[PDB]
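Okay, here we've got a single chain as structure tokens, the form deposited without the ligand, with questions on binding and movement later.
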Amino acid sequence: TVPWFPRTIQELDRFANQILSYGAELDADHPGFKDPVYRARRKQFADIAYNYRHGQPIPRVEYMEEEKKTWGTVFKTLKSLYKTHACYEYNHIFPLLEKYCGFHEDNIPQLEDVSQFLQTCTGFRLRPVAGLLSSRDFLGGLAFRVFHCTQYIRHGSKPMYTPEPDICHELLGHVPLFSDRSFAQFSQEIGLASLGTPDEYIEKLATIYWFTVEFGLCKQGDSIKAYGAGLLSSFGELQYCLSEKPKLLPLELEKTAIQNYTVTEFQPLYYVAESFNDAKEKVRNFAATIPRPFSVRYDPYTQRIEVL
């Protein structure tokens, strides 16, 4: 048989009831483990994601001074590297995010405002997400240009560290790239390639996602820059990734999809994309080889996937 997949954007609502219910915040080594206030705050954000329904505005949240401080520290520290380390598309949109979304050290941008801004850029939109979605569900949302986004922030005791994505990572790492046309298309191609795809191939696409959307390097003229969200939200790894230490290889999906990696240390190897249009073409070609008895297409006019 073929695994179920949403045919309409509203159907993404099925995902909220298929996440991992025992999150990282519950682990003994989590920065906020012993903090009961943090614990309740996280549950509060998880309840918002749980009750969220496609089409609704994303609830605004008054962040505490402590949380704004953690955001400020992360913002301030990462900002210094973007001009020289981030890909052109990133730096091109950041000023706009600062002007229209309140991307500033003293303020944590609200997801609703960021979502509206993205929608006017590429039709991408955000949906608050509780915890960990399976790769199949996470990738599936991209097909509709929907990005499942965390709303909670890392624990304040370790502002430069997070064992999971949190709002700083989503907004400083992912968001600026989703405002780029080609990137949006490229991201969506991965999502489309995952619809109704067999588990074994979902894993291949998750790995490709890891080496592009999360830890990708882009060719820029005769130079190289970072566009991966995991890099763009990592002070240490962002500087490291463009140094002489890591091994760099051309994005080549047949090899990239099988490549192992660990999410604990700096990546020893990175794949370099020629451009987002090219990475998009490569994904499309790779999707072609995935054994699926059907073809899928997204119709932005009706917000439905057409199955051939």
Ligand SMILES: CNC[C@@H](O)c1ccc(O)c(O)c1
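Residue positions are given as counts along the sequence shown, with the first one as 1.
There is another form of this protein, the form deposited with the ligand bound, and it is not shown here; the text below is about that form.
Although the ligand is omitted here, in the entry with it bound all of 132, 169 and 174 have a heavy atom within 4.5 Å of it. This chain is drawn without the ligand; in the entry with it bound, the residue among 201, 117, 75, 209 with a heavy atom within 4.5 Å of it is 209.
In the entry with it bound, residue 82 stays away from the ligand, with no heavy atom inside 4.5 Å. With a 4.5 Å cutoff on heavy atoms, residue 138 counts as touching the ligand in the entry with it bound.
Residue contact check for residue 165: one or more of its heavy atoms lie within 4.5 Å of the ligand in the entry with it bound.
The closest heavy atom approach of residue 214 to the ligand in the entry with it bound falls within 4.5 Å.
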